[PDB]
Amino acid sequence: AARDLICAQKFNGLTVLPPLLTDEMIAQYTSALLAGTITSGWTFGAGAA
Amino acid sequence: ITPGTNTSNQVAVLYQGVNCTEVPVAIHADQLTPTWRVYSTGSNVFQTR
Ligand SMILES: *[C@@H]1O[C@H](CO)[C@@H](O)[C@H](O)[C@H]1NC(C)=O
């Protein structure tokens, strides 16, 4: 604990909440956007890819 | 965690940033501040990040 500021923060009531979307989910979103762009251009932004 | 009281009175409880093994179970009413008890082992237990 002594060599970590996070433990002192926690012990004094200051905590960090995790994001709702994980990094894996965000990477899935970006890969879907990339696949749409390189396979269908701008059509998937306006309707069906 | 609740749906509306207009839907149900059932709730779930999230103990934030703790392991399910270290979840406070206190048979005595003077060794824990929340006085209500939701049976950890009895009810459904899931461990999220
Ligand atoms: C909860 O504790 C057990 C035993 O100490 C450990 O193996 C497990 O990894 C802990 N939970 C998480 C989510 O790390």
# chains A, B, ... in the order shown; residues from 1 in each chain; ligands from 1

call {"tool": "residues_near_ligand", "arguments": {"ligand": "ligand 1", "cutoff": "7 Å", "atoms": "only C-alpha atoms and all ligand atoms", "output": "tab-separated table (two decimals) with N, CA and C atoms, in the first residue's frame"}}
result
chain	number	residue	atom	x	y	z
B	19	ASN	N	-14.34	-8.52	-4.34
B	19	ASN	CA	-14.44	-9.91	-4.73
B	19	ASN	C	-15.63	-10.54	-4.01
B	20	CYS	N	-16.28	-11.49	-4.68
B	20	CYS	CA	-17.43	-12.15	-4.08
B	20	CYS	C	-17.05	-12.93	-2.82
B	21	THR	N	-15.80	-13.38	-2.71
B	21	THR	CA	-15.36	-14.07	-1.51
B	21	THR	C	-15.24	-13.12	-0.32
B	47	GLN	N	-19.76	-12.50	-10.40
B	47	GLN	CA	-18.60	-11.64	-10.19
B	47	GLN	C	-18.30	-10.91	-11.49
B	49	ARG	N	-16.40	-7.37	-13.28
B	49	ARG	CA	-15.28	-6.48	-13.02
B	49	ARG	C	-15.70	-5.21	-12.30

call {"tool": "residues_around", "arguments": {"residues": "residue A:45", "least_positions_apart": "2", "cutoff": "12 Å", "atoms": "only C-alpha atoms", "output": "tab-separated table (two decimals) with N, CA, C and O atoms, in the first residue's frame"}}
result
chain	number	residue	atom	x	y	z
A	32	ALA	N	-16.09	-3.13	-37.02
A	32	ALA	CA	-17.31	-3.08	-37.81
A	32	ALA	C	-17.34	-1.84	-38.71
A	32	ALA	O	-17.72	-1.93	-39.88
A	33	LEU	N	-16.94	-0.68	-38.17
A	33	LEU	CA	-16.88	0.53	-38.98
A	33	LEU	C	-15.89	0.38	-40.13
A	33	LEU	O	-16.18	0.76	-41.27
A	34	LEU	N	-14.72	-0.20	-39.85
A	34	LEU	CA	-13.71	-0.40	-40.88
A	34	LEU	C	-14.19	-1.36	-41.96
A	34	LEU	O	-14.00	-1.11	-43.16
A	36	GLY	N	-17.30	-2.06	-42.80
A	36	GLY	CA	-18.30	-1.37	-43.58
A	36	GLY	C	-17.69	-0.41	-44.58
A	36	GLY	O	-18.09	-0.38	-45.75
A	37	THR	N	-16.71	0.38	-44.15
A	37	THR	CA	-16.10	1.37	-45.03
A	37	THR	C	-15.39	0.70	-46.20
A	37	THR	O	-15.58	1.09	-47.36
A	40	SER	N	-18.14	-1.39	-48.48
A	40	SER	CA	-19.33	-0.76	-49.03
A	40	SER	C	-19.22	0.74	-49.20
A	40	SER	O	-20.19	1.38	-49.59
A	41	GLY	N	-18.06	1.33	-48.92
A	41	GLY	CA	-17.89	2.76	-49.07
A	41	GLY	C	-18.73	3.53	-48.07
A	41	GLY	O	-18.67	3.27	-46.86
A	42	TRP	N	-19.51	4.48	-48.56
A	42	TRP	CA	-20.37	5.30	-47.72
A	42	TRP	C	-21.82	4.82	-47.72
A	42	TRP	O	-22.66	5.49	-47.11
A	43	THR	N	-22.13	3.70	-48.37
A	43	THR	CA	-23.52	3.26	-48.44
A	43	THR	C	-24.04	2.79	-47.09
A	43	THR	O	-25.20	3.01	-46.76
A	47	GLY	N	-27.79	3.45	-45.21
A	47	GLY	CA	-28.76	2.38	-45.24
A	47	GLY	C	-28.10	1.03	-45.16
A	47	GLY	O	-27.15	0.84	-44.39
A	48	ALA	N	-28.58	0.07	-45.94
A	48	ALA	CA	-27.91	-1.22	-46.03
A	48	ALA	C	-26.53	-1.06	-46.64
A	48	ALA	O	-26.32	-0.23	-47.53
A	49	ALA	N	-25.58	-1.86	-46.17
A	49	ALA	CA	-24.25	-1.88	-46.76
A	49	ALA	C	-24.33	-2.51	-48.14
A	49	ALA	O	-24.72	-3.67	-48.29

call {"tool": "interface_residues", "arguments": {"of": "chain A", "to": "chain B", "cutoff": "9 Å", "atoms": "only C-alpha atoms", "output": "VMD selection string"}}
result
chain A and resid 15 to 18

call {"tool": "write_last_selection", "arguments": {"atoms": "N, CA, C and O atoms", "output": "short mmCIF file (atom, residue, chain, number, x, y, z; two decimals), in the first residue's frame"}}
result
data_model
loop_
_atom_site.label_atom_id
_atom_site.label_comp_id
_atom_site.auth_asym_id
_atom_site.auth_seq_id
_atom_site.Cartn_x
_atom_site.Cartn_y
_atom_site.Cartn_z
N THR A 15 -12.78 6.37 -5.39
CA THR A 15 -12.72 5.17 -6.21
C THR A 15 -12.95 5.49 -7.67
O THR A 15 -13.45 6.56 -8.03
N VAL A 16 -12.57 4.55 -8.52
CA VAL A 16 -12.72 4.64 -9.97
C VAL A 16 -13.72 3.58 -10.41
O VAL A 16 -13.62 2.42 -10.02
N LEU A 17 -14.71 3.99 -11.20
CA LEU A 17 -15.70 3.09 -11.77
C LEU A 17 -15.29 2.65 -13.17
O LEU A 17 -14.73 3.45 -13.93
N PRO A 18 -15.52 1.39 -13.52
CA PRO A 18 -15.14 0.92 -14.85
C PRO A 18 -16.07 1.49 -15.91
O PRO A 18 -17.26 1.74 -15.64
#

call {"tool": "atom_distance", "arguments": {"atom1": "atom CA of residue A:8", "atom2": "atom CA of residue B:25"}}
result
24.9 Å

call {"tool": "atom_distance", "arguments": {"atom1": "atom CA of residue A:23", "atom2": "atom CA of residue A:39"}}
result
24.0 Å

call {"tool": "atom_distance", "arguments": {"atom1": "atom CA of residue B:27", "atom2": "atom CA of residue B:41"}}
result
13.3 Å

call {"tool": "select_by_dssp", "arguments": {"residues": "chain A", "states": "alpha helix (DSSP H)", "output": "PyMOL selection string"}}
result
chain A and resi 5-11+23-40+43-46

call {"tool": "residues_around", "arguments": {"residues": "stretch 7-10 of chain B", "least_positions_apart": "5", "cutoff": "12 Å", "atoms": "only C-alpha atoms", "output": "PyMOL selection string"}}
result
chain B and resi 1-2+38

call {"tool": "write_last_selection", "arguments": {"atoms": "N, CA and C atoms", "output": "JSON list (two decimals), in the first residue's frame"}}
result
[["chain", "number", "residue", "atom", "x", "y", "z"],
["B", 1, "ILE", "N", -29.95, -2.23, -7.84],
["B", 1, "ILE", "CA", -30.48, -2.33, -9.19],
["B", 1, "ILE", "C", -31.95, -2.68, -9.06],
["B", 2, "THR", "N", -32.81, -1.86, -9.63],
["B", 2, "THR", "CA", -34.24, -2.12, -9.54],
["B", 2, "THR", "C", -34.89, -1.83, -10.87],
["B", 38, "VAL", "N", -28.74, -9.39, 2.44],
["B", 38, "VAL", "CA", -29.07, -10.20, 1.27],
["B", 38, "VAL", "C", -28.12, -11.39, 1.27]]
